[PDB]
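Heads up, the thing below is written out as structure tokens.
Ideal geometry is used to build each Cβ from the backbone, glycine not excepted, and the neighbour counts take in all protein chains shown. What follows draws every value from the coordinates through simple rules; no lab data is involved.
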Amino acid sequence: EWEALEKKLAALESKXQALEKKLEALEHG
Amino acid sequence: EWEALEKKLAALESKXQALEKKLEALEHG
Amino acid sequence: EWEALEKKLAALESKXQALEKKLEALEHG
Ligand SMILES: [Cl-]
Ligand SMILES: [Cl-]
Ligand code: NA
Ligand code: NA
Ligand SMILES: [Zn+2]
Ligand SMILES: [Zn+2]
Ligand SMILES: [Zn+2]
Ligand SMILES: [Zn+2]
Ligand SMILES: [Zn+2]
Ligand SMILES: [Zn+2]
């Protein structure tokens with residue numbers, strides 16, 4: 001339970017960082 | 001409290017995928 | 001461990017809100 005929830009939070013954190021960088025790319029063209 | 005944390009993570013994973021797809025759309029016009 | 005999970009989720013929810021606001025500003029503004 002705990003370990004699966006921690007994995008899902010880490011995957012969201014990684015997606016979170018990738019979407020931030022992608023939104024920054026789109027702002028600059 | 002644990003169940004609520006999981007329902008909140010599930011809503012956030014759905015919002016995460018929604019933002020990812022909208023960013024993909026914006027990227028292409 | 002509990003506090004760290006709750007903190008990560010609040011930070012992700014907050015980042016989710018910041019990223020949606022930037023996306024709306026880029027798409028429409
Ligand atoms: Cl359920
Ligand atoms: Cl998120
Ligand atoms: Na509980
Ligand atoms: Na632990
Ligand atoms: Zn559970
Ligand atoms: Zn920016
Ligand atoms: Zn793509
Ligand atoms: Zn493409
Ligand atoms: Zn932990
Ligand atoms: Zn997010």
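General remarks:
- Other residues whose C-beta falls under 9 angstrom from the C-beta of B:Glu20 contribute a net charge of +3, scoring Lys and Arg +1 and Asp and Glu -1.
- Between this copy and the others, label points of C:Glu20 are 1.8, 1.8 nm apart in ascending order, each placed 7 angstrom from Cα in the Cβ direction.
- For the protein assembly as shown, the equivalent ellipsoid built from the Cα gyration tensor has semi-axes of 27, 11, 11 Å, listed from largest to smallest.
- Across region B:10-15, coupling constants 3J(HN,Hα) worked out from phi with the 6.51/-1.76/1.60 Karplus curve, θ = phi - 60°, read 4, 5, 5, 5, 5, 4 Hz, and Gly and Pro carry x.
- Each of C:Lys22, C:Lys15, A:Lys7 has some number of other Cβ atoms within 10 Å of its Cβ, and from fewest to most they run A:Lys7, C:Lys22, C:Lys15.
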